[PDB]
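So this block is input-v8.cif, mmCIF, C-alpha atoms and all ligand atoms:
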data_model
loop_
_atom_site.label_atom_id
_atom_site.label_comp_id
_atom_site.auth_asym_id
_atom_site.auth_seq_id
_atom_site.Cartn_x
_atom_site.Cartn_y
_atom_site.Cartn_z
CA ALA J 1 -5.55 31.20 17.26
CA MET J 2 -3.65 28.15 18.77
CA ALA J 3 -3.86 25.99 15.62
CA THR J 4 -3.06 29.04 13.49
CA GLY J 5 0.01 29.78 15.73
CA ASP J 6 1.25 26.26 15.28
CA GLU J 7 0.57 26.53 11.46
CA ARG J 8 2.41 29.89 11.32
CA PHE J 9 5.42 28.58 13.20
CA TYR J 10 5.80 25.47 11.02
CA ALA J 11 5.24 27.36 7.70
CA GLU J 12 7.20 30.51 8.54
CA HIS J 13 10.07 29.08 10.67
CA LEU J 14 10.42 25.36 11.35
CA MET J 15 10.01 23.79 7.92
CA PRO J 16 12.20 26.34 6.08
CA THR J 17 14.87 25.82 8.79
CA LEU J 18 14.69 22.02 8.52
CA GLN J 19 14.60 22.02 4.69
CA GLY J 20 17.63 24.34 4.69
CA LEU J 21 19.58 21.87 6.91
CA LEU J 22 18.80 18.76 4.94
CA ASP J 23 19.03 17.42 1.40
CA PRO J 24 15.40 16.69 0.15
CA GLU J 25 15.57 12.87 0.22
CA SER J 26 17.03 12.96 3.79
CA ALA J 27 14.13 15.19 4.77
CA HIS J 28 11.64 12.68 3.31
CA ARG J 29 13.41 9.79 5.08
CA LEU J 30 13.39 11.62 8.41
CA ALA J 31 9.68 12.49 8.01
CA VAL J 32 8.76 8.84 7.45
CA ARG J 33 10.78 7.84 10.58
CA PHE J 34 9.18 10.58 12.80
CA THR J 35 5.74 9.83 11.49
CA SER J 36 6.20 6.04 11.96
CA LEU J 37 6.98 6.67 15.65
CA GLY J 38 3.98 9.05 16.14
CA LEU J 39 6.23 12.06 16.95
CA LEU J 40 3.46 14.59 16.12
CA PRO J 41 1.02 16.51 18.43
CA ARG J 42 -2.28 14.94 17.24
CA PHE J 43 -8.94 19.38 14.84
CA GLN J 44 -11.95 17.15 15.85
CA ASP J 45 -13.50 15.98 12.46
CA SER J 46 -17.11 17.23 12.08
CA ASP J 47 -19.86 15.11 10.57
CA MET J 48 -19.99 17.51 7.60
CA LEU J 49 -16.57 16.19 6.42
CA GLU J 50 -17.74 12.58 6.30
CA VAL J 51 -17.94 10.99 2.85
CA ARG J 52 -19.33 7.60 1.82
CA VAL J 53 -17.68 6.32 -1.36
CA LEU J 54 -15.77 3.29 -2.80
CA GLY J 55 -17.72 0.94 -0.39
CA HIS J 56 -16.42 2.86 2.68
CA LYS J 57 -16.92 5.63 5.24
CA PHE J 58 -14.20 8.28 5.14
CA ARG J 59 -14.14 10.34 8.37
CA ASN J 60 -12.80 13.26 6.35
CA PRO J 61 -11.95 13.71 2.68
CA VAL J 62 -8.29 14.72 2.97
CA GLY J 63 -5.87 11.86 2.20
CA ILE J 64 -2.09 11.51 2.00
CA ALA J 65 -1.13 10.91 -1.61
CA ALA J 66 1.06 8.03 -2.82
CA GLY J 67 4.80 8.53 -2.62
CA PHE J 68 5.20 9.83 0.91
CA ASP J 69 4.92 6.33 2.46
CA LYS J 70 6.08 4.15 -0.40
CA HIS J 71 6.70 1.09 1.76
CA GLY J 72 3.84 1.25 4.32
CA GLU J 73 6.04 2.20 7.25
CA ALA J 74 4.14 5.21 8.58
CA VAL J 75 0.44 4.38 8.12
CA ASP J 76 -0.53 4.79 11.79
CA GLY J 77 1.32 8.10 12.19
CA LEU J 78 -0.42 9.38 9.04
CA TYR J 79 -3.90 8.78 10.61
CA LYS J 80 -2.57 10.46 13.76
CA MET J 81 -1.60 13.46 11.55
CA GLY J 82 -5.37 13.67 10.76
CA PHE J 83 -5.67 12.25 7.23
CA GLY J 84 -9.06 10.61 6.65
CA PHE J 85 -7.38 7.98 4.50
CA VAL J 86 -3.88 6.84 3.64
CA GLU J 87 -2.45 5.66 0.36
CA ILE J 88 0.79 3.73 0.39
CA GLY J 89 3.14 2.94 -2.45
CA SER J 90 3.82 2.74 -5.27
CA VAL J 91 4.89 -0.84 -4.45
CA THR J 92 6.59 -2.94 -7.17
CA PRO J 93 6.67 -6.75 -7.24
CA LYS J 94 10.36 -7.16 -6.67
CA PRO J 95 12.46 -4.80 -4.54
CA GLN J 96 14.17 -2.11 -6.60
CA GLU J 97 16.48 0.81 -5.87
CA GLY J 98 14.87 3.43 -8.12
CA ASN J 99 16.95 6.10 -9.88
CA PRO J 100 20.41 7.47 -8.84
CA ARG J 101 20.52 10.27 -6.23
CA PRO J 102 19.87 13.19 -6.34
CA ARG J 103 16.34 12.47 -7.46
CA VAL J 104 14.20 14.96 -5.45
CA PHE J 105 14.43 18.74 -5.92
CA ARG J 106 12.76 21.61 -4.07
CA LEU J 107 11.44 24.68 -5.87
CA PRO J 108 10.47 26.69 -2.76
CA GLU J 109 9.79 29.87 -4.79
CA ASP J 110 7.18 27.90 -6.73
CA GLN J 111 5.85 25.85 -3.74
CA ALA J 112 6.77 22.88 -5.93
CA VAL J 113 8.85 19.74 -5.92
CA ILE J 114 10.31 17.78 -8.87
CA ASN J 115 10.94 14.10 -8.25
CA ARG J 116 12.37 11.22 -10.24
CA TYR J 117 12.47 8.47 -7.56
CA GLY J 118 11.87 5.83 -10.29
CA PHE J 119 9.67 3.59 -8.14
CA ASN J 120 12.08 2.77 -5.35
CA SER J 121 10.25 0.02 -3.48
CA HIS J 122 10.85 -2.56 -0.78
CA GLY J 123 8.76 -4.95 -2.88
CA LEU J 124 5.39 -6.67 -2.37
CA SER J 125 6.69 -9.27 0.06
CA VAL J 126 8.23 -6.78 2.61
CA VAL J 127 5.15 -4.52 2.36
CA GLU J 128 2.76 -7.53 2.71
CA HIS J 129 4.48 -8.67 5.96
CA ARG J 130 4.47 -5.08 7.19
CA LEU J 131 0.71 -4.73 6.63
CA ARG J 132 0.09 -8.20 8.01
CA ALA J 133 1.67 -7.11 11.34
CA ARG J 134 -1.04 -4.45 11.77
CA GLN J 135 -3.87 -6.08 9.78
CA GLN J 136 -6.43 -6.10 12.62
CA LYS J 137 -5.47 -2.59 13.69
CA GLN J 138 -6.32 -1.53 10.13
CA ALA J 139 -9.64 -3.44 10.12
CA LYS J 140 -10.70 -1.34 13.16
CA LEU J 141 -9.41 1.88 11.53
CA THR J 142 -11.36 1.18 8.30
CA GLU J 143 -14.50 0.41 10.36
CA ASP J 144 -13.98 3.78 12.11
CA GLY J 145 -13.86 5.67 8.77
CA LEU J 146 -10.09 5.58 8.19
CA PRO J 147 -9.42 3.42 5.09
CA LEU J 148 -6.13 2.27 3.49
CA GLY J 149 -5.19 2.43 -0.15
CA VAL J 150 -2.27 0.73 -1.91
CA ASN J 151 -0.73 1.98 -5.11
CA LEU J 152 0.73 -0.80 -7.23
CA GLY J 153 3.72 -0.33 -9.53
CA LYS J 154 5.76 -2.39 -11.89
CA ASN J 155 9.41 -3.18 -11.96
CA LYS J 156 11.62 -1.17 -14.30
CA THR J 157 12.77 -4.20 -16.29
CA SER J 158 9.50 -6.20 -16.44
CA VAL J 159 8.29 -7.66 -19.79
CA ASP J 160 4.60 -7.86 -18.75
CA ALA J 161 3.14 -4.74 -17.11
CA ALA J 162 -0.25 -6.46 -16.56
CA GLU J 163 1.36 -9.42 -14.75
CA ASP J 164 3.23 -7.09 -12.34
CA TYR J 165 -0.04 -5.34 -11.43
CA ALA J 166 -1.77 -8.72 -11.17
CA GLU J 167 0.93 -9.82 -8.67
CA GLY J 168 0.19 -6.68 -6.66
CA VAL J 169 -3.54 -7.36 -6.65
CA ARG J 170 -2.99 -10.94 -5.39
CA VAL J 171 -0.44 -9.98 -2.68
CA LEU J 172 -1.70 -6.62 -1.34
CA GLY J 173 -5.32 -6.58 -2.47
CA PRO J 174 -6.32 -8.67 0.54
CA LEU J 175 -4.83 -6.00 2.84
CA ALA J 176 -6.20 -2.91 1.02
CA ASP J 177 -9.46 -1.02 1.02
CA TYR J 178 -8.63 0.14 -2.48
CA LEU J 179 -5.91 -0.52 -5.04
CA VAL J 180 -4.44 1.96 -7.53
CA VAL J 181 -2.87 1.32 -10.95
CA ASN J 182 -1.07 4.29 -12.66
CA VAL J 183 -1.60 4.55 -16.49
CA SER J 184 0.39 6.56 -19.11
CA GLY J 185 -3.65 1.83 -27.42
CA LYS J 186 -7.18 1.78 -25.96
CA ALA J 187 -7.33 -2.06 -26.56
CA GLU J 188 -4.09 -2.48 -24.53
CA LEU J 189 -5.48 -0.41 -21.66
CA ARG J 190 -8.65 -2.54 -21.73
CA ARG J 191 -6.53 -5.75 -21.74
CA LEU J 192 -4.43 -4.55 -18.76
CA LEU J 193 -7.47 -3.36 -16.71
CA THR J 194 -9.45 -6.51 -17.58
CA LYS J 195 -6.64 -8.66 -16.11
CA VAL J 196 -6.47 -6.45 -12.97
CA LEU J 197 -10.22 -6.64 -12.32
CA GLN J 198 -10.27 -10.38 -13.00
CA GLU J 199 -7.57 -10.89 -10.32
CA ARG J 200 -9.41 -8.61 -7.89
CA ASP J 201 -12.67 -10.44 -8.44
CA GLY J 202 -10.88 -13.72 -7.62
CA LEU J 203 -10.19 -12.56 -3.99
CA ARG J 204 -12.55 -13.64 -1.25
CA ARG J 205 -15.52 -11.26 -0.71
CA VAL J 206 -14.27 -9.72 2.64
CA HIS J 207 -10.74 -9.16 1.20
CA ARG J 208 -11.95 -7.54 -2.07
CA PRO J 209 -10.63 -3.97 -2.61
CA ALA J 210 -11.93 -1.25 -4.95
CA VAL J 211 -9.69 -0.71 -8.04
CA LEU J 212 -8.81 2.86 -9.09
CA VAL J 213 -6.89 4.19 -12.09
CA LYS J 214 -4.48 7.11 -11.57
CA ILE J 215 -3.72 9.43 -14.47
CA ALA J 216 -1.13 12.11 -15.06
CA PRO J 217 -2.29 15.57 -16.18
CA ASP J 218 -0.28 15.25 -19.45
CA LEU J 219 -2.68 13.03 -21.41
CA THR J 220 -4.15 14.04 -24.79
CA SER J 221 -7.91 14.66 -25.20
CA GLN J 222 -7.98 11.29 -27.07
CA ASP J 223 -6.23 9.54 -24.12
CA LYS J 224 -8.76 11.02 -21.61
CA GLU J 225 -11.77 10.05 -23.80
CA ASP J 226 -10.40 6.48 -24.17
CA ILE J 227 -9.77 6.16 -20.41
CA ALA J 228 -13.28 7.39 -19.54
CA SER J 229 -14.75 4.90 -22.02
CA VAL J 230 -12.73 1.92 -20.70
CA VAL J 231 -13.33 2.88 -17.02
CA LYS J 232 -17.12 2.89 -17.67
CA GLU J 233 -17.13 -0.25 -19.84
CA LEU J 234 -15.11 -2.33 -17.34
CA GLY J 235 -16.71 -1.03 -14.09
CA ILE J 236 -13.45 0.43 -12.67
CA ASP J 237 -14.40 1.81 -9.22
CA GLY J 238 -12.72 5.21 -9.48
CA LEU J 239 -10.09 7.57 -10.72
CA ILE J 240 -7.21 9.37 -9.02
CA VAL J 241 -6.70 12.67 -10.83
CA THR J 242 -3.72 13.50 -11.00
CA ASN J 243 -0.13 12.30 -10.77
CA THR J 244 2.76 14.75 -11.30
CA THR J 245 3.28 16.61 -14.55
CA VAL J 246 6.21 16.18 -16.93
CA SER J 247 5.35 19.70 -18.25
CA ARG J 248 7.01 22.83 -16.99
CA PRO J 249 4.31 25.56 -16.77
CA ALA J 250 5.62 28.94 -17.88
CA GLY J 251 6.69 31.04 -14.89
CA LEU J 252 8.62 28.54 -12.74
CA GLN J 253 11.43 30.37 -10.93
CA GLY J 254 13.25 27.67 -9.00
CA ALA J 255 16.84 27.10 -10.20
CA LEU J 256 16.05 23.34 -10.49
CA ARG J 257 13.05 23.78 -12.81
CA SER J 258 14.85 21.96 -15.68
CA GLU J 259 15.49 18.79 -13.69
CA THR J 260 13.95 15.67 -15.21
CA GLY J 261 11.02 14.38 -13.30
CA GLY J 262 7.49 14.93 -12.14
CA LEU J 263 6.49 18.40 -10.93
CA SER J 264 4.14 18.64 -7.94
CA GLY J 265 2.63 21.34 -5.74
CA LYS J 266 1.21 24.77 -6.61
CA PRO J 267 2.04 24.90 -10.38
CA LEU J 268 0.20 21.53 -10.82
CA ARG J 269 -2.92 22.79 -9.00
CA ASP J 270 -5.13 24.14 -11.79
CA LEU J 271 -3.96 21.56 -14.41
CA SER J 272 -5.10 18.92 -11.95
CA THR J 273 -8.48 20.65 -11.19
CA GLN J 274 -9.25 20.95 -14.91
CA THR J 275 -8.43 17.25 -15.42
CA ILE J 276 -10.86 16.40 -12.61
CA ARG J 277 -13.39 18.58 -14.35
CA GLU J 278 -12.93 16.83 -17.73
CA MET J 279 -12.88 13.25 -16.20
CA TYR J 280 -16.08 13.97 -14.21
CA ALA J 281 -17.91 15.13 -17.38
CA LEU J 282 -16.64 12.28 -19.57
CA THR J 283 -17.78 9.75 -16.87
CA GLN J 284 -21.17 11.58 -16.31
CA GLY J 285 -20.50 11.96 -12.59
CA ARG J 286 -20.75 8.15 -12.15
CA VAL J 287 -17.13 7.33 -11.34
CA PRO J 288 -15.78 8.57 -7.96
CA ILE J 289 -12.73 10.84 -8.33
CA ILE J 290 -9.97 11.40 -5.80
CA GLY J 291 -8.60 14.89 -6.59
CA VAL J 292 -4.86 15.51 -6.17
CA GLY J 293 -2.35 18.15 -7.20
CA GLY J 294 -1.37 21.31 -5.42
CA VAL J 295 -3.88 21.14 -2.51
CA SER J 296 -2.59 23.38 0.33
CA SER J 297 -5.78 25.07 1.55
CA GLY J 298 -9.50 24.53 2.03
CA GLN J 299 -10.13 26.62 -1.10
CA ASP J 300 -7.86 24.30 -3.15
CA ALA J 301 -9.71 21.33 -1.68
CA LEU J 302 -13.16 22.75 -2.33
CA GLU J 303 -12.31 23.71 -5.97
CA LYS J 304 -11.47 20.03 -6.72
CA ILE J 305 -14.54 18.79 -4.85
CA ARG J 306 -16.76 21.18 -6.76
CA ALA J 307 -14.98 20.16 -10.01
CA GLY J 308 -15.96 16.47 -9.39
CA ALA J 309 -13.72 15.03 -6.67
CA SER J 310 -15.28 13.04 -3.82
CA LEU J 311 -12.01 12.94 -1.93
CA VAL J 312 -8.72 14.82 -2.06
CA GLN J 313 -5.07 14.00 -1.44
CA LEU J 314 -2.05 16.11 -0.82
CA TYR J 315 1.67 15.46 -0.50
CA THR J 316 3.80 18.52 -1.61
CA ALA J 317 2.07 20.99 0.76
CA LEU J 318 3.32 18.81 3.65
CA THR J 319 6.95 19.53 2.57
CA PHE J 320 6.43 23.28 3.04
CA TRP J 321 3.79 23.47 5.79
CA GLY J 322 4.50 20.33 7.80
CA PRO J 323 1.88 18.28 9.68
CA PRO J 324 -0.32 21.27 10.71
CA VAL J 325 -1.40 21.66 7.02
CA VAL J 326 -3.82 18.73 7.41
CA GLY J 327 -5.81 20.44 10.21
CA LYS J 328 -5.64 23.70 8.23
CA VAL J 329 -7.12 22.27 5.02
CA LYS J 330 -9.91 20.51 6.98
CA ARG J 331 -10.82 23.59 9.05
CA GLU J 332 -10.81 25.87 5.96
CA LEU J 333 -12.81 23.35 3.91
CA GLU J 334 -15.47 23.11 6.67
CA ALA J 335 -15.72 26.94 6.87
CA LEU J 336 -15.97 27.23 3.07
CA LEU J 337 -18.64 24.55 2.89
CA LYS J 338 -20.73 26.54 5.42
CA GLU J 339 -20.04 29.78 3.59
CA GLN J 340 -21.30 28.33 0.25
CA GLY J 341 -24.39 26.74 1.85
CA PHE J 342 -23.41 23.05 1.58
CA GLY J 343 -24.68 20.82 4.38
CA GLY J 344 -21.57 18.70 3.96
CA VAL J 345 -18.81 17.63 1.56
CA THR J 346 -21.23 15.26 -0.25
CA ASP J 347 -23.49 18.13 -1.46
CA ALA J 348 -20.48 19.96 -2.90
CA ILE J 349 -19.20 17.05 -5.06
CA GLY J 350 -19.55 18.11 -8.70
CA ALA J 351 -21.43 21.33 -7.69
CA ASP J 352 -19.80 23.32 -10.56
CA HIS J 353 -21.28 20.88 -13.19
CA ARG J 354 -24.92 21.49 -12.09
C1 LIG A 1 9.25 15.40 -1.40
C2 LIG A 1 10.21 14.82 -0.36
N1 LIG A 1 10.01 15.54 0.90
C3 LIG A 1 10.63 16.72 1.23
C4 LIG A 1 11.64 17.48 0.41
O1 LIG A 1 11.00 18.16 -0.65
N2 LIG A 1 10.25 17.08 2.40
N3 LIG A 1 9.36 16.12 2.89
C5 LIG A 1 8.78 16.18 4.15
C6 LIG A 1 9.63 16.48 5.20
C7 LIG A 1 9.16 16.59 6.52
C8 LIG A 1 10.04 16.81 7.69
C9 LIG A 1 11.54 17.02 7.51
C10 LIG A 1 11.76 18.48 7.14
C11 LIG A 1 12.45 16.64 8.68
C12 LIG A 1 9.46 16.72 8.92
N4 LIG A 1 8.10 16.53 9.13
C13 LIG A 1 7.66 16.42 10.47
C14 LIG A 1 7.28 15.14 10.95
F1 LIG A 1 7.30 14.05 10.14
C15 LIG A 1 6.87 15.00 12.26
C16 LIG A 1 6.84 16.10 13.11
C17 LIG A 1 7.23 17.34 12.66
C18 LIG A 1 7.64 17.49 11.36
CL1 LIG A 1 8.10 19.05 10.85
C19 LIG A 1 7.21 16.40 8.11
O2 LIG A 1 6.01 16.20 8.32
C20 LIG A 1 7.74 16.38 6.74
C21 LIG A 1 6.91 16.07 5.65
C22 LIG A 1 7.40 16.00 4.38
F2 LIG A 1 6.53 15.73 3.40
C23 LIG A 1 9.24 15.16 1.94
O3 LIG A 1 8.55 14.16 1.98
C1 LIG A 2 8.47 12.61 -3.88
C2 LIG A 2 7.20 12.15 -4.55
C3 LIG A 2 7.00 10.79 -4.76
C4 LIG A 2 5.83 10.32 -5.38
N1 LIG A 2 5.65 8.98 -5.58
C5 LIG A 2 4.51 8.47 -6.12
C6 LIG A 2 4.26 7.01 -6.33
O1 LIG A 2 5.10 6.16 -5.99
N2 LIG A 2 3.11 6.61 -6.91
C7 LIG A 2 2.14 7.49 -7.29
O2 LIG A 2 1.07 7.12 -7.83
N3 LIG A 2 2.28 8.82 -7.14
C8 LIG A 2 3.41 9.36 -6.58
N4 LIG A 2 3.55 10.76 -6.39
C9 LIG A 2 2.47 11.62 -6.86
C10 LIG A 2 1.58 12.07 -5.74
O3 LIG A 2 0.87 10.95 -5.22
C11 LIG A 2 0.62 13.15 -6.24
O4 LIG A 2 -0.17 12.59 -7.29
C12 LIG A 2 1.30 14.42 -6.79
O5 LIG A 2 2.48 14.80 -6.07
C13 LIG A 2 0.38 15.62 -6.79
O6 LIG A 2 -0.03 16.00 -5.49
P1 LIG A 2 0.71 17.17 -4.66
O7 LIG A 2 0.77 18.38 -5.57
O8 LIG A 2 -0.16 17.36 -3.47
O9 LIG A 2 2.06 16.60 -4.27
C14 LIG A 2 4.76 11.28 -5.79
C15 LIG A 2 4.97 12.63 -5.55
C16 LIG A 2 6.15 13.12 -4.97
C17 LIG A 2 6.26 14.61 -4.78
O1 LIG A 3 8.67 6.98 -7.86
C1 LIG A 3 8.47 7.92 -8.65
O2 LIG A 3 9.37 8.37 -9.40
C2 LIG A 3 7.14 8.53 -8.91
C3 LIG A 3 6.03 7.73 -9.18
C4 LIG A 3 4.83 8.35 -9.50
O3 LIG A 3 3.79 7.68 -9.72
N1 LIG A 3 4.79 9.69 -9.55
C5 LIG A 3 5.90 10.44 -9.31
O4 LIG A 3 5.86 11.68 -9.37
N2 LIG A 3 7.05 9.86 -9.00
#
Hey, can you dump this file as structure tokens for me?
Ligand SMILES: CCn1c(CO)nn(-c2cc3c(C(C)C)cn(-c4c(F)cccc4Cl)c(=O)c3cc2F)c1=O
Ligand SMILES: Cc1cc2nc3c(=O)[nH]c(=O)nc-3n(C[C@H](O)[C@H](O)[C@H](O)COP(=O)(O)O)c2cc1C
Ligand SMILES: O=C(O)c1cc(=O)[nH]c(=O)[nH]1
Amino acid sequence: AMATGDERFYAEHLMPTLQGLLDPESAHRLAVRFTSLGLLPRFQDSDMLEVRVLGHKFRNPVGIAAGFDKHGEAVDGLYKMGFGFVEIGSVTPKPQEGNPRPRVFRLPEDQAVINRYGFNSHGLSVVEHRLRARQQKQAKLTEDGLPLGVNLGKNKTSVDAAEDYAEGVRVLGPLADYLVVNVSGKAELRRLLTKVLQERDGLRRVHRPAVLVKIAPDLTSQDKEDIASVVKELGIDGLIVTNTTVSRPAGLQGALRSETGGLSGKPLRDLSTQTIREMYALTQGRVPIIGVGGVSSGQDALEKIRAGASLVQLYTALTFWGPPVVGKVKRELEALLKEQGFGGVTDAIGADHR
């Protein structure tokens, strides 16, 4: 009824109007500004959405994926939007501009975006001071089941990938509930992740974040088997499955389908779910998975949960549906959980594998 009306209006009228008036990067920039200022209305989270994972309570399992709030400017407005957790970044050590504009492209016919931002970042030091300003506010949020993740990048020109990520661990690890490293042979991955975990383990017990590895959906079977093996061997805390795809699934209609970059949204959905499914099996259900890629409904959310995800993220659906999508996904997920006989989200995790 009321929520649905709001959802209708945003999906059918407001967002298409606003996206038609703006270039896509301007739209992103304006969203971050509006969100930072809390210019949003406000769905009471039931107990059945609560998840305990990664050393933390999550009030609900629907997170904002990396890339929306690259520089940690809008964290409080994102909780206000109703996300159960927030992931900022990617943040690189040094400030960098990222790629030339235009670098974001809408494929509205496909409910997809292509981006090639190229890790535009304010840098660790700006983001550190920004999180420091609200550090105690975040400690209370985390305690109340609303944790904060930080995705760490590397500078375009850097010689030593591992040292960039290490810098990130040292600077932002003390302010994060979890840290994320994106990965694109096996001995080099082990070397990199060893160094990351060593740095993490050197932070004082109360400032010690979980470390997650975030994979694209474009990896070979050999890459996925090697990642599962290294993740288990090293005691990596979790996996974020997946980033955008450099593939172009047959059937894209948008005029901008041949733009270089990462494809997100609906055409990534089932690629992403199947990657969750394979990573869950290769890790024997022992490594918590955050599912991401084309979530715009409770059904999308539940398919990833049942495939092996403990938590989900979305970004692209926000570009088409606006802020009401968060309440929509949560409400539909709750209803689906009851319809399939699950007492809560926890019971559904990996339910397809059993
Ligand atoms: C991929 C880059 N990218 C694109 C282009 O593909 N769009 N986009 C978003 C834009 C918006 C906008 C724009 C249209 C002004 C407003 N609002 C919003 C709000 F922030 C506060 C109260 C009302 C509204 Cl509608 C959103 O939530 C929102 C979210 C997005 F992800 C975004 O990150
Ligand atoms: C504009 C844009 C910027 C992104 N930036 C980042 C980033 O800096 N780091 C990262 O790990 N993922 C980034 N992502 C990937 C998302 O976090 C997510 O994995 C992907 O978009 C799939 O989810 P979706 O289909 O819900 O958007 C970005 C995605 C988009 C669309
Ligand atoms: O900044 C970007 O280009 C970017 C980073 C990332 O991890 N994923 C993505 O789709 N874009």
Show me which residues are within 6 Å of ligand LIG 3 (chain A) counting all atoms listed in the file, and format the list as a list in words. residues 115, 116, 117, 118, 119, 120, 243, 244 and 262 of chain J
| field | Cut-off 7 Å, all atoms listed in the file, neighbours of ligand LIG 2 (chain A) as a ChimeraX atom specification | value | /J:65-68,70,89-90,104,113-115,117,119,151,182,214,242-244,264-266,268-269,292-295,313-317
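Of the residues under consideration (J:322, J:63, J:261, J:298), J:322 shows the shortest atom-to-atom contact distance to ligand LIG 1 (chain A) when counting all atoms listed in the file.
With all atoms listed in the file as the atoms that count, the minimum distance from ligand LIG 1 (chain A) to the choices J:271, J:172, J:325, J:301 is reached by J:325.
Using only C-alpha atoms, the smallest distance between any of J:35, J:283, J:121, J:96 and residue 229 in chain J comes from J:283.
For ligand LIG 1 (chain A), the neighbouring protein, DNA and RNA residues, which are those within 7 Å when all atoms listed in the file are counted, are residues 10, 14, 15, 18, 19, 24, 25, 27, 28, 30, 31, 32, 34, 35, 39, 40, 68, 104, 105, 106, 113, 315, 316, 318, 319, 322 and 323 of chain J.
Among J:230, J:166, J:127, J:150, the residue with the shortest atom-to-atom distance to residue 189 in chain J, counting only C-alpha atoms, is J:230.
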